[PDB]
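Asker: Hey, dropping upload.tsv in here, TSV, C-alpha atoms and all ligand atoms:
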```tsv
chain	number	residue	atom	x	y	z
D	1	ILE	CA	50.30	-70.50	-179.47
D	2	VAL	CA	51.19	-74.05	-180.64
D	3	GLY	CA	48.69	-76.20	-182.60
D	4	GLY	CA	46.10	-73.41	-182.77
D	5	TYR	CA	44.39	-71.75	-185.75
D	6	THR	CA	44.32	-68.27	-187.34
D	7	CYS	CA	41.47	-66.55	-185.46
D	8	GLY	CA	40.48	-64.23	-188.25
D	9	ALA	CA	40.86	-60.44	-188.05
D	10	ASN	CA	39.03	-59.03	-185.03
D	11	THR	CA	37.21	-62.23	-183.84
D	12	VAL	CA	38.80	-61.72	-180.41
D	13	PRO	CA	37.95	-58.02	-179.91
D	14	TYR	CA	39.17	-57.81	-176.29
D	15	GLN	CA	42.70	-59.02	-177.19
D	16	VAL	CA	45.44	-56.36	-176.78
D	17	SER	CA	49.12	-56.26	-177.78
D	18	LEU	CA	51.59	-54.63	-175.30
D	19	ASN	CA	54.33	-52.78	-177.28
D	20	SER	CA	57.58	-51.14	-176.21
D	21	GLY	CA	59.07	-50.73	-179.67
D	22	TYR	CA	57.92	-54.32	-180.49
D	23	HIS	CA	55.23	-56.76	-179.26
D	24	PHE	CA	56.18	-58.31	-175.90
D	25	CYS	CA	52.94	-59.51	-174.15
D	26	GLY	CA	49.15	-59.79	-174.64
D	27	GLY	CA	46.45	-58.32	-172.43
D	28	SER	CA	42.65	-58.03	-172.20
D	29	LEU	CA	40.41	-54.94	-172.32
D	30	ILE	CA	38.04	-54.89	-169.33
D	31	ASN	CA	36.58	-51.40	-169.94
D	32	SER	CA	37.27	-48.33	-172.07
D	33	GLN	CA	40.15	-47.25	-169.80
D	34	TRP	CA	41.68	-50.44	-168.30
D	35	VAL	CA	43.62	-53.49	-169.46
D	36	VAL	CA	44.51	-56.57	-167.36
D	37	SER	CA	47.78	-58.45	-168.10
D	38	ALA	CA	50.46	-60.46	-166.23
D	39	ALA	CA	52.64	-58.86	-163.56
D	40	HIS	CA	55.65	-60.59	-165.18
D	41	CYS	CA	55.01	-58.46	-168.32
D	42	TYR	CA	55.68	-55.27	-166.34
D	43	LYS	CA	57.71	-52.70	-168.18
D	44	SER	CA	58.13	-48.93	-168.21
D	45	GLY	CA	56.90	-47.25	-171.41
D	46	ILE	CA	54.04	-49.46	-172.52
D	47	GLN	CA	51.83	-48.56	-175.51
D	48	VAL	CA	48.53	-50.54	-175.77
D	49	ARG	CA	47.57	-51.72	-179.31
D	50	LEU	CA	43.90	-52.55	-179.87
D	51	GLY	CA	41.90	-54.00	-182.76
D	52	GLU	CA	45.08	-55.60	-184.12
D	53	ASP	CA	45.17	-58.55	-186.55
D	54	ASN	CA	48.65	-58.61	-188.12
D	55	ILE	CA	51.00	-56.89	-185.62
D	56	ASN	CA	53.37	-55.86	-188.42
D	57	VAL	CA	50.84	-54.31	-190.82
D	58	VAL	CA	48.58	-51.31	-190.19
D	59	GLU	CA	45.27	-52.51	-191.60
D	60	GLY	CA	43.15	-49.59	-190.41
D	61	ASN	CA	41.16	-50.82	-187.37
D	62	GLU	CA	43.89	-50.23	-184.80
D	63	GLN	CA	43.93	-47.85	-181.85
D	64	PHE	CA	47.39	-47.25	-180.31
D	65	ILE	CA	47.21	-45.70	-176.80
D	66	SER	CA	49.95	-45.06	-174.22
D	67	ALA	CA	49.58	-46.24	-170.62
D	68	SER	CA	49.34	-43.60	-167.89
D	69	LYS	CA	49.63	-45.92	-164.88
D	70	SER	CA	50.66	-49.55	-164.18
D	71	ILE	CA	49.70	-51.38	-160.96
D	72	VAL	CA	51.28	-54.83	-160.24
D	73	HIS	CA	49.38	-56.89	-157.61
D	74	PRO	CA	50.62	-56.04	-154.08
D	75	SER	CA	51.55	-59.70	-153.43
D	76	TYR	CA	53.15	-60.58	-156.77
D	77	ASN	CA	56.24	-62.78	-156.20
D	78	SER	CA	58.53	-62.88	-159.22
D	79	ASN	CA	60.18	-66.10	-157.99
D	80	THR	CA	57.00	-68.22	-157.86
D	81	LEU	CA	54.82	-66.16	-160.19
D	82	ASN	CA	52.13	-66.29	-157.47
D	83	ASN	CA	49.56	-63.43	-158.10
D	84	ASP	CA	50.79	-62.85	-161.74
D	85	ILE	CA	48.37	-60.02	-162.64
D	86	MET	CA	48.75	-56.28	-163.30
D	87	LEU	CA	46.33	-53.51	-164.36
D	88	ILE	CA	47.12	-50.85	-166.97
D	89	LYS	CA	45.19	-47.58	-167.28
D	90	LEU	CA	45.12	-46.02	-170.82
D	91	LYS	CA	45.95	-42.28	-171.19
D	92	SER	CA	42.66	-41.81	-173.08
D	93	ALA	CA	39.56	-43.98	-173.48
D	94	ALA	CA	39.53	-46.53	-176.25
D	95	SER	CA	36.61	-46.20	-178.73
D	96	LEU	CA	34.67	-49.49	-178.50
D	97	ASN	CA	33.34	-51.14	-181.69
D	98	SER	CA	32.96	-54.49	-183.42
D	99	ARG	CA	36.72	-55.05	-183.38
D	100	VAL	CA	37.53	-53.46	-179.98
D	101	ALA	CA	35.33	-54.68	-177.13
D	102	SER	CA	35.76	-55.38	-173.43
D	103	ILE	CA	35.47	-58.85	-171.85
D	104	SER	CA	33.41	-59.33	-168.69
D	105	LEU	CA	34.94	-60.37	-165.34
D	106	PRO	CA	33.57	-63.67	-163.93
D	107	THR	CA	30.84	-63.89	-161.32
D	108	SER	CA	32.35	-67.22	-160.19
D	109	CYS	CA	35.25	-69.61	-160.91
D	110	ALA	CA	35.04	-72.13	-163.81
D	111	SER	CA	34.84	-75.94	-163.45
D	112	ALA	CA	37.56	-78.33	-164.69
D	113	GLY	CA	36.50	-79.64	-168.13
D	114	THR	CA	35.05	-76.24	-169.15
D	115	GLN	CA	36.25	-75.39	-172.70
D	116	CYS	CA	38.14	-72.06	-173.04
D	117	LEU	CA	39.61	-69.86	-175.79
D	118	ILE	CA	43.22	-68.77	-175.47
D	119	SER	CA	44.78	-66.30	-177.95
D	120	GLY	CA	48.05	-64.51	-178.70
D	121	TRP	CA	50.98	-63.73	-181.00
D	122	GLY	CA	53.48	-65.96	-179.15
D	123	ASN	CA	55.73	-68.69	-180.57
D	124	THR	CA	53.99	-71.39	-182.60
D	125	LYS	CA	56.71	-74.04	-182.27
D	126	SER	CA	56.95	-76.79	-179.63
D	127	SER	CA	60.74	-76.85	-179.83
D	128	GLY	CA	62.03	-74.29	-182.29
D	129	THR	CA	61.08	-70.64	-182.79
D	130	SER	CA	58.55	-69.14	-185.17
D	131	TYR	CA	56.60	-66.01	-184.34
D	132	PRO	CA	53.38	-65.35	-186.20
D	133	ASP	CA	52.29	-61.98	-187.50
D	134	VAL	CA	48.57	-62.84	-187.16
D	135	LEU	CA	46.56	-63.69	-184.03
D	136	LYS	CA	46.40	-67.44	-183.27
D	137	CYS	CA	43.51	-69.01	-181.31
D	138	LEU	CA	43.22	-72.26	-179.35
D	139	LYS	CA	40.31	-74.08	-177.74
D	140	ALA	CA	41.40	-75.90	-174.50
D	141	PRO	CA	39.72	-77.25	-171.37
D	142	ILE	CA	40.54	-76.44	-167.81
D	143	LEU	CA	42.35	-79.46	-166.29
D	144	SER	CA	41.61	-80.87	-162.84
D	145	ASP	CA	43.70	-79.41	-160.03
D	146	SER	CA	45.20	-82.82	-159.22
D	147	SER	CA	46.52	-83.13	-162.81
D	148	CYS	CA	48.01	-79.62	-162.57
D	149	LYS	CA	49.78	-80.20	-159.24
D	150	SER	CA	51.08	-83.59	-160.40
D	151	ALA	CA	52.72	-81.92	-163.41
D	152	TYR	CA	54.35	-79.20	-161.28
D	153	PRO	CA	54.96	-80.47	-157.76
D	154	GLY	CA	55.17	-77.82	-155.04
D	155	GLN	CA	54.68	-75.01	-157.59
D	156	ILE	CA	50.88	-74.58	-157.92
D	157	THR	CA	49.12	-72.18	-155.53
D	158	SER	CA	45.37	-71.55	-155.18
D	159	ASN	CA	45.80	-68.54	-157.56
D	160	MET	CA	46.71	-70.75	-160.56
D	161	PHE	CA	44.95	-73.32	-162.78
D	162	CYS	CA	46.18	-75.47	-165.66
D	163	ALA	CA	44.55	-75.67	-169.09
D	164	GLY	CA	45.39	-77.71	-172.14
D	165	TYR	CA	46.26	-81.24	-173.17
D	166	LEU	CA	48.43	-83.61	-171.17
D	167	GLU	CA	49.34	-85.42	-174.38
D	168	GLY	CA	51.00	-82.18	-175.57
D	169	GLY	CA	50.83	-80.68	-179.06
D	170	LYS	CA	48.50	-77.73	-178.20
D	171	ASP	CA	49.37	-74.93	-175.76
D	172	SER	CA	50.08	-71.21	-175.27
D	173	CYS	CA	53.82	-70.24	-175.35
D	174	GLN	CA	56.27	-67.35	-174.76
D	175	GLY	CA	54.91	-64.27	-176.49
D	176	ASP	CA	51.40	-65.15	-175.31
D	177	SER	CA	52.08	-64.06	-171.70
D	178	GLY	CA	49.39	-61.75	-170.24
D	179	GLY	CA	46.82	-62.83	-172.84
D	180	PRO	CA	43.25	-63.91	-172.18
D	181	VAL	CA	41.71	-67.26	-171.29
D	182	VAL	CA	37.95	-66.87	-171.84
D	183	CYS	CA	35.49	-69.49	-170.71
D	184	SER	CA	31.71	-69.18	-171.15
D	185	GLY	CA	32.18	-65.50	-172.15
D	186	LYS	CA	34.14	-64.44	-169.05
D	187	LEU	CA	37.84	-63.81	-168.49
D	188	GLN	CA	38.95	-66.72	-166.28
D	189	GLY	CA	42.69	-66.66	-166.92
D	190	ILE	CA	45.85	-64.82	-167.88
D	191	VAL	CA	48.68	-66.65	-169.73
D	192	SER	CA	51.34	-67.01	-167.00
D	193	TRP	CA	53.96	-69.79	-167.28
D	194	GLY	CA	54.71	-73.42	-168.20
D	195	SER	CA	57.63	-75.72	-168.96
D	196	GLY	CA	58.47	-75.49	-172.67
D	197	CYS	CA	55.31	-75.32	-174.80
D	198	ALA	CA	53.03	-78.15	-175.89
D	199	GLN	CA	55.25	-80.78	-174.16
D	200	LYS	CA	53.54	-83.93	-172.88
D	201	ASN	CA	52.47	-83.78	-169.25
D	202	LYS	CA	53.45	-80.08	-168.95
D	203	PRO	CA	50.25	-78.09	-169.53
D	204	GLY	CA	50.06	-74.28	-169.43
D	205	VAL	CA	49.67	-72.51	-166.05
D	206	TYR	CA	47.29	-69.50	-165.86
D	207	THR	CA	46.48	-66.82	-163.26
D	208	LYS	CA	43.08	-67.60	-161.76
D	209	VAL	CA	41.11	-64.37	-162.39
D	210	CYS	CA	38.08	-65.35	-160.35
D	211	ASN	CA	40.18	-64.77	-157.18
D	212	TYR	CA	40.99	-61.13	-158.07
D	213	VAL	CA	37.62	-59.62	-159.05
D	214	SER	CA	37.23	-57.58	-155.83
D	215	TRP	CA	40.86	-56.32	-156.02
D	216	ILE	CA	40.33	-55.42	-159.73
D	217	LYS	CA	37.07	-53.54	-159.08
D	218	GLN	CA	38.38	-51.70	-156.00
D	219	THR	CA	41.65	-50.73	-157.70
D	220	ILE	CA	39.96	-49.44	-160.88
D	221	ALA	CA	37.46	-47.38	-158.90
D	222	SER	CA	40.22	-45.60	-156.94
D	223	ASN	CA	42.60	-44.86	-159.81
V	301	LIG	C1	59.80	-71.68	-158.54
V	301	LIG	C2	58.51	-71.53	-159.15
V	301	LIG	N1	57.35	-71.48	-158.30
V	301	LIG	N2	58.41	-71.41	-160.48
V	301	LIG	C3	59.61	-71.44	-161.35
V	301	LIG	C4	59.69	-70.15	-162.18
V	301	LIG	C5	58.39	-69.72	-162.84
V	301	LIG	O1	58.26	-70.22	-164.17
V	301	LIG	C6	58.81	-69.35	-165.07
V	301	LIG	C7	59.34	-68.19	-164.47
V	301	LIG	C8	59.94	-67.21	-165.27
V	301	LIG	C9	60.05	-67.38	-166.65
V	301	LIG	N3	60.59	-66.58	-167.52
V	301	LIG	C10	60.44	-67.17	-168.71
V	301	LIG	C11	60.92	-66.59	-169.93
V	301	LIG	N4	59.73	-68.50	-168.62
V	301	LIG	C12	59.39	-69.42	-169.72
V	301	LIG	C13	57.99	-69.30	-170.03
V	301	LIG	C14	57.31	-68.09	-169.86
V	301	LIG	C15	55.95	-67.99	-170.18
V	301	LIG	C16	55.31	-69.09	-170.64
V	301	LIG	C17	53.94	-69.01	-170.96
V	301	LIG	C18	53.25	-70.14	-171.44
V	301	LIG	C19	53.93	-71.38	-171.56
V	301	LIG	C20	53.29	-72.47	-171.99
V	301	LIG	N5	53.92	-73.55	-172.19
V	301	LIG	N6	51.95	-72.40	-172.27
V	301	LIG	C21	55.30	-71.45	-171.25
V	301	LIG	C22	56.00	-70.32	-170.80
V	301	LIG	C23	57.32	-70.45	-170.52
V	301	LIG	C24	59.54	-68.55	-167.26
V	301	LIG	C25	58.91	-69.53	-166.46
V	301	LIG	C26	57.13	-69.99	-162.03
V	301	LIG	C27	57.11	-71.23	-161.17
V	302	CA	CA	45.54	-60.02	-191.58
V	303	CA	CA	48.04	-54.25	-187.61
```
What would the structure in this file look like if it were written as structure tokens?
Answerer:
Amino acid sequence: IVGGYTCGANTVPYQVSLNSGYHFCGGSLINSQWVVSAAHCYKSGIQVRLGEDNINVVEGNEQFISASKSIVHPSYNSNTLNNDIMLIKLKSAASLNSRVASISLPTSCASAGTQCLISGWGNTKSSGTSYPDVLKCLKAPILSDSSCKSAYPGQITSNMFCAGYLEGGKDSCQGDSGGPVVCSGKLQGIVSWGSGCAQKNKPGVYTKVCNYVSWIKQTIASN
């Protein structure tokens, strides 16, 4: 996250770190046994880390659980990143508390101009590299579809939306991938892609969760 702030330990209770010997992607807890993340974060041997603040310090509120199953969307296209969403089932149920909570799925899509909260442990530099140890947060509005498509001609599908600031300076970045975009208390996006981070006229691109609710609910119920 570039131009964001330190969230504060366990202020984003649904945020999860995906670890395979190190942090590689974020994710969201949707219930005691399932996490939603980006299909492009798929890896074999994932461990889910919950209630995390500093990813390099064990502060006592963490729950580390291995994944039993990973399901990438049936129509995920790695070339275009269309349908960039995957579900992860935990080996055992997480214990929910003040610092580990699930986020609700939306009952409808969000309007452009709606303010959202994006979070992660990704790079904090526009052009350079600096990875934080603590969770970073960022408030950003959903951009109009025309602004999104103008920034990335021929690359935006109906399963994507843009959020941020056209003037640059504030955005999600690499390391944030699979992380939550919460608007009006519902999970509306997953950190997917972009061009650089916080560059002018190149806002972040997110998977549009409101289009996958029925697939998420049907998949979870049969697995
Ligand atoms: C051809 C086509 N439809 N596309 C070109 C390729 C693809 O964009 C990609 C695809 C694969 C990538 N692999 C990597 C490492 N990047 C850079 C990458 C990855 C994730 C980001 C998340 C947020 C942001 C952000 N600026 N908020 C930038 C990112 C940049 C990537 C960016 C999706 C769109
Ligand atoms: Ca801390
Ligand atoms: Ca920790």
Asker: Would you list the residues near (41.4, -62.9, -171.5) (no more than 12 Å away, in the coordinates of the file, using all atoms listed in the file) as a PyMOL selection string?
Answerer: chain D and resi 12-17+26-30+35-38+85+101-106+116-120+137+176-192+206-210
Asker: Where's the centre, and what are the edge lengths in Å to one decimal, of a box along x, y and z enclosing all listed atoms of segment 79-92 of chain D padded 3 Å per side, as lines of an AutoDock Vina configuration file?
Answerer:
```
center_x = 51.4
center_y = -55.0
center_z = -165.3
size_x = 23.5
size_y = 32.4
size_z = 21.6
```
Asker: At a cut-off of 10 Å around ligand CA 303 (chain V), and using all atoms listed in the file, what residues come up? Please write them as a ChimeraX atom specification.
Answerer: /D:9,49-63,133-134
Asker: What's the separation between atom CA of residue 219 of chain D and atom CA of residue 34 of chain D, in Å to one decimal place?
Answerer: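 Going from atom CA of residue 219 of chain D over to atom CA of residue 34 of chain D, I get 10.6 Å.
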Asker: For a quick check of understanding, using only C-alpha atoms, which of D:21, D:141, D:204, D:128 has the smallest distance to residue 172 of chain D?
Answerer: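 When distances to residue 172 of chain D are compared using only C-alpha atoms, the smallest one comes from D:204.
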Asker: For the point (51.8, -78.4, -180.4) in the file's frame, write as an MDAnalysis selection string all residues with an atom no more than 8 Å away, counting only C-alpha atoms.
Answerer: chainID D and resid 2:4 124:126 168:171 197:199
Asker: Choose the residue, out of D:149, D:216, D:93, D:79, that has the smallest atom-to-atom separation from ligand LIG 301 (chain V); count all atoms listed in the file.
Answerer: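 Of D:149, D:216, D:93, D:79, the one nearest ligand LIG 301 (chain V), counting all atoms listed in the file, is D:79.
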Asker: Record the distance separating atom CA of residue 160 of chain D and atom CA of residue 72 of chain D, expressed in Å with one decimal.
Answerer: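 Atom CA of residue 160 of chain D sits 16.6 Å away from atom CA of residue 72 of chain D.
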Asker: Which of these, D:151, D:220, D:46, D:71, has the shortest distance to ligand LIG 301 (chain V) once you count only C-alpha atoms and all ligand atoms?
Answerer: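 Smallest separation from ligand LIG 301 (chain V) among the options: D:151.
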Asker: Smallest atom-to-atom distance to ligand CA 302 (chain V): which of D:135, D:166, D:87, D:1, using all atoms listed in the file?
Answerer: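 The shortest atom-to-atom distance to ligand CA 302 (chain V) comes from D:135.
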Asker: Would you mind telling me which residue in D:108, D:150, D:83, D:211 lies nearest to ligand LIG 301 (chain V) when using all atoms listed in the file?
Answerer: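 For ligand LIG 301 (chain V), the nearest of the candidates is D:83.
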Asker: To one decimal place in Å, what is the distance between atom CA of residue 145 of chain D and atom CA of residue 78 of chain D?
Answerer: 22.2 Å
Asker: D:146, D:130, D:10, D:159: which is nearest ligand CA 302 (chain V), counting only C-alpha atoms and all ligand atoms?
Answerer: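 For ligand CA 302 (chain V), the nearest of the given residues is D:10.
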